């Protein structure tokens, strides 16, 4: 019911509504995958002409303008279609935007530097490492930084960023958010992202897109950024009168050592890793965070006996472990069902707590006939997370499980990790680059500091407060608690609370409504 903006094919996905871009404003778009976020951006960018639900018909620009006349969006579209707007679009699929890239990072950026901001962006996005590398040879994260950089250098009216936090480490995400905020004043900016802290930093306004993945999406009205993210956490949109999730994502709610490790040293070629002694309690979640190339995965690999430490040990030396590696690939002949059944009797019995909380809530129950090699990154991720979690263990290690996940699935996963760990009185280490995930479920954290590729030093497990304080300080940002949802809120650099908390040394504030 309502007015269809676009439909790709008969009986296919349909989109209802569009957000209006606003000048001198950063507009966030948020929702689970498969609901039309990328479609919305491509419409806004002028790459797709809305067909108003008829994929047979070739709608012209004139027709689109007649259909919008009187409405909020008309004027944007008039300017778009009358070629009065220069549009920059940092596309979602960065790996596809790679095979048309000739030359080094420096020379690509030098070619397109229209705003004389090359050197500025180099600094802001910390690109000196990438500087004389071939665009062709770049990893996910280097490509993402190169395209975001390239977008910042362009002189344009509208800048569109589809998921710029993908492949970025915790530090890079924050730098990218600072860079966009700083360099794109007095422009139309639209951003889609699944990292809530990135969105919170970047956005003035927020639209939620909700619906059923691959069936339909509807765009909410514009909310003030803070409110929009809060309604998303509550899972309720007041204006639309819409329960978009049956439960809420709540922050800040309310003995024996199961394992202990000495100082751990590991040298790999050039890179030296040092990890401080520590211990973990039964039921406890230790988040691990730090930039990439710093030894987090090496540390994971030491804990699972894949790599031997050069000095130091973990007691007890042999325990039942369950491991979700960072690098995920289809390595199995059989179905999702066969793979899950192999892992646990629980995982697929409609009878257990697991099936409904994890399996079903991950929507893995819909992929049972699929064989593992058919699955997308997102689906393999959930499959490996679910399998890992279904196994009865003393120790769980999950490496970057939020990669490939949308904004909903990461919190469903987060919740599950907590549930399994506490249920089974186990230790869980989770490495992740989404800071809200840590805030949401980590009981203590380990911070990795140093120089990517050369040296990493990791602290013992400390309180979120103790670790975040030191981590945020280096990163030069301050966090407070939102009054309504208790979610972390990042003070925009320069802001009222930002310089005061900075003087106090209170970078990670546990105070409500700061």
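Residue numbers count along the first chain shown, from 1.
Mean C-alpha B-factor is higher over 504-512 than over the other stretch, the pair under comparison being 4-12 and 504-512.
The PDB entry records a higher mean C-alpha B factor for 124-132 than for its counterpart among 124-132 and 383-391. Based on the entry's C-alpha B-factors, the most elevated value among 403, 203, 222, 344 belongs to 344. Across the options 159, 429, 96, 261, the residue with the most elevated CA B-factor in the record is 96.
Placement of the Cα temperature factor of residue 446 within the chain: lowest third of the modelled residues, per the deposited record. For residue 489, the recorded CA temperature factor ranks within the highest third of the chain's modelled residues. In the PDB entry, residue 115 places in the highest third of its chain by CA B-factor.
When all modelled residues of the chain are sorted by CA temperature factor, residue 106 is found within the highest third. Per-chain ranking of the deposited C-alpha B factor places residue 71 in the middle third.
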